[PDB]
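Given as structure tokens, the chain that follows is alone and in the form deposited in one PDB entry.
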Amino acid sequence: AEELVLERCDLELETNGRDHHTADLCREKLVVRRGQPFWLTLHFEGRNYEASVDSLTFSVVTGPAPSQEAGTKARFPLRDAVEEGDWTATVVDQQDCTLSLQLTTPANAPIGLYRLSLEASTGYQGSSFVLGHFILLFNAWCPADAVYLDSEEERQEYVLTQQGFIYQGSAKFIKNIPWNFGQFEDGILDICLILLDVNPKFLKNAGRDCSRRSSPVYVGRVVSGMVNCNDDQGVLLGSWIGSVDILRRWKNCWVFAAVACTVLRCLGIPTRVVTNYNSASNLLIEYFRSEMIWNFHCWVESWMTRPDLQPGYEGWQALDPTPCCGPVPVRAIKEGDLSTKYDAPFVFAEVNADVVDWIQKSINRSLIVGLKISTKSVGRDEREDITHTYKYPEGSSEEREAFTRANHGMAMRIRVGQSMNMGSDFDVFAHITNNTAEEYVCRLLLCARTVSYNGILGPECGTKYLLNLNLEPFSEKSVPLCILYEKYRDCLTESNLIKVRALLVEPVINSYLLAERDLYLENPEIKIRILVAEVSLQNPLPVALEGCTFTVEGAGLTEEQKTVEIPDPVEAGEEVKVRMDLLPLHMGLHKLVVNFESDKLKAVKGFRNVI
């Protein structure tokens, strides 16, 4: 009996593409999805296959360092017995010279480009040789696939649809940008594969990386860190209406999410672009105007199980391709379970912010993060609001209970200490108390500006920024900022007031503490001693006063107001004394009333009771 000769193999692009939902990708080469049977037809030259005489065996390899242990290589015979969940081949039709075969991949097979080989054996003789190539993708249709999605219309939207909306604008003026993901355009699937093949984990361990491509968690994680360019390229580096041009040129803000979504839909992971809106003198705003806060922010959600985590975390996972991040279940964000991988705290901070006033302790609602979180409706041209998936309603026991799981008691006040006087330099303090068992690391803005009696803010006369302020558990701190006469004199108002403001930022949980306090730089005190009455005043300035003059009156003590000038200028710190004669009109209590006048220091007042 002569050995078999394959004339050709028919990859059945059409019936395969339609059944595997890869029609658009099956224009040239074969593309299929895991955990689902596909078809090949062998045409032999001469006699057909005879199960009794011929044993046929298949071999598939994927990647640059295949192995069986890693799941990136399989050998499997052509037989009637089909083992569920394994690589198998089985005859399903036999005609004149053709042999119809049905192949199955495991639902957890690594995705990627596969070389398919066939060894034809007639016991006493044999011959191996390559049939061709197919690409294996994730299968949201396969009940046993991690990325399974029980709903047909959701499968259409989150994998199959090539145009969507990305939401921009603002929480109150939501704008929907139409986008062309075009995950099934020419060359796109090949680029997604290349992208995978140049990610750092591939350069580090090609074999292991190709194996780990069985995981939608691994694959989504890798994609989040490849859209952006961190000196290693890297698709994007920080107008156009789709992902295709960007990706094609590559091979040679919302854009990151858009490209990520293109790639992940292409690889077969159901995915959606989501937008989060944030909204806003105030130290916070000042501080902003390296993670800041923007009017909106875009990331993606992918759908998968999470066997790598504890049970119950399957479903939507957040991934942020914004300048590796994720995947992290969306329910873990909503639940304040930030210990959950990957990168919980980072996503939590995109949708939470805890802002507290110490204006002396109240809730400051001048910053509001996490509003109208949005994504396109399934199979309709309208916006779905998914804020609820990230956040329990404000003020609920679930919202509060969740805040605790996340946060696992810190307070701030402005302190002065000793007395402050018009003309002197002196410290002000941000006094921070930490009666928790937690250790913190915060940013601190401490700054002062003059303010009128009416509340109008003059120019800055002191600033201290601290990028990393360490707060030990059960401890406190007095952080000094030194206010200089040299720096406030020129910019002082009729008010005589300085406004101290502090901002403490705890970046991880995204907490903010504001303390604010106005301080009054008091005028010198006029000393009035009765011997005749003597009145003196100490120059409080480091400068000399020119044209000093007193004025004294007090009915029951003088029938004449006595305005005496001071000839010489009074030097810094140098006191100035005058005296005038008094002839007590009547008997009881009288009040002497004094005014001091000067070029720099004007309108200072005093009095003394007598008898």
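For clarity, a rigid core is taken as the largest C-alpha set superposing within 1.5 Å between two forms. Sequential numbering from 1, following the sequence displayed.
What follows is about the form deposited in another entry, which we do not show.
Superposing the two forms on their core leaves just one of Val53, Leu56, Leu582, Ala70 with a Cα displacement of at least 2 Å between the shown form and the other one, namely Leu582. After superposing the rigid core, the C-alpha of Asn295 moves by less than 2 Å between the shown form and the other one. Once both forms are fitted on their rigid core, the CA atom of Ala23 lies less than 2 Å apart between the shown form and the other one. Superposition on the rigid core between the shown form and the other one places the CA atom of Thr41 less than 2 Å from its counterpart. Relative to this form, in the other entry the C-alpha atoms of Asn295 and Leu446 approach one another by 3 angstroms or more. Figure legend: C-alpha atoms of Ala171 and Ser366, shown here, are separated by at least 3 angstroms less in the other entry.
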